[PDB]
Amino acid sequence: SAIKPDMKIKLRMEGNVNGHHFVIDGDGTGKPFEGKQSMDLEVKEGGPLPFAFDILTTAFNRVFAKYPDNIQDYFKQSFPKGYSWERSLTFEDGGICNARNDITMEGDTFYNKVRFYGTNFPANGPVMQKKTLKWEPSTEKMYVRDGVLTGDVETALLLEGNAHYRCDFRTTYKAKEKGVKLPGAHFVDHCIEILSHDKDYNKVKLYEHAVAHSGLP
């Protein structure tokens, strides 16, 4: 196993949401086999961010997910060469973006080159007014579509005032190494949370727990 029980995480995101440019650095640790990771995020340019930090967080690696013996682990088989993913997020009020991560490994560290581009968010909407509280726990449906491993998520951000703001993610995953065998269809349950933050979310601690299953208890 190229992958140790304790891996470090290094991360730089460059992005633009509704024109606003920003650069964010990440430093964290994770237990790939337990499906748990936590990282410290710091806005380096464009702070304070004039949009809800929450829209970024699923962009800050499915190598951190507990996979049972009876499901092919595409992600942990992708290393040490690594893999990329591209995501389109579609929000109920027309907000749309495209995120991509190119993930590499050097010794005991995952390096993440992340790009995040959002547009079409209404000025008066919860994202540009900062009314989001958190992502609800999700289930990612994994299946193969024209020879590409694809994950679908139908989820929502909880807003101030008991309201939900609906998300649809589609992610395409691709190993760098030709001939990493595709898995069969399956599910990954996700638990993403902001553990702490300063006034304007210039510093954020982020935690994710993920578990792969076939649908049964």
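One rule holds for the numbers: they count along the sequence shown, beginning at 1.
- Per the record, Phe60 and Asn61 are separated by 1 to 3 deposited residues that have no coordinates.
- Set 176-184 against 145-153 and average the Cα temperature factors; 176-184 ends up higher.
- In the deposited entry, the Cα temperature factor of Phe53 sits in the bottom third of values across the chain's modelled residues.
- In the deposited entry, the Cα temperature factor of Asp200 places it in the highest third of its chain's modelled residues.
- Residue-level temperature factors show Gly94 in the highest third of its chain, judged at the C-alpha atom.
- Among the modelled residues of its chain, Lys81 has a C-alpha B-factor that falls in the highest third, as given in the PDB entry.
- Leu158 sits in the middle third of its chain by CA B factor, as recorded in the PDB entry.
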